[PDB]
Ligand SMILES: CC(=O)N1C=CS[C@H](c2cccs2)CC1
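Numbering (the authors' numbering), first residue to last: 42 to 168.
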């Protein structure tokens, strides 16, 4: 079973902002998770063909990954920080839904989520 089209990262009909909170989500949150040793499974959409996971997109109907989030941040796709924070939480939740407890990938997501939570605890006040 094929891969679906990726989540959109560009939509000229969609109103956009560049807020200090969104700048923090790129410069601090995304950057911190992206450079982590466990980032690599999350740096692009799940490739169900290459990974031989024909049921992945039968189970996961709202896919999200840090490659998509990175493009959305660099492209100023978002209106507010909460949209981006939701994308990160979707990515983690999908991993916990699809995979079994204790799997390596779940430990990887948990380590990235710990750092995510630490960083968004210091999300700056909106200017
Ligand atoms: C991110 C995710 O939920 N995937 C689903 C199944 S397998 C793959 C890996 C397992 C261990 C290292 S990568 C990552 C893609």
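We put the beta carbon where it would ideally sit given N, CA and C, even for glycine.
CA-to-CA, the gap between residue 148 and residue 113 works out to about 26 Å. Excluding the 5 residues flanking it on each side, residue 168 has same chain C-beta neighbours closer than 8 Å at 60 and 61, in chain order. Taking every protein chain shown into account, the CB of residue 96 has fewer than 16 other CB atoms within 10 angstroms, so this residue is exposed. For residue 159, the enclosing alpha helix (DSSP H) begins and ends at 145-161. Pairing residue 132 with residue 90 gives a Cβ-Cβ distance that is not under 8 Å.
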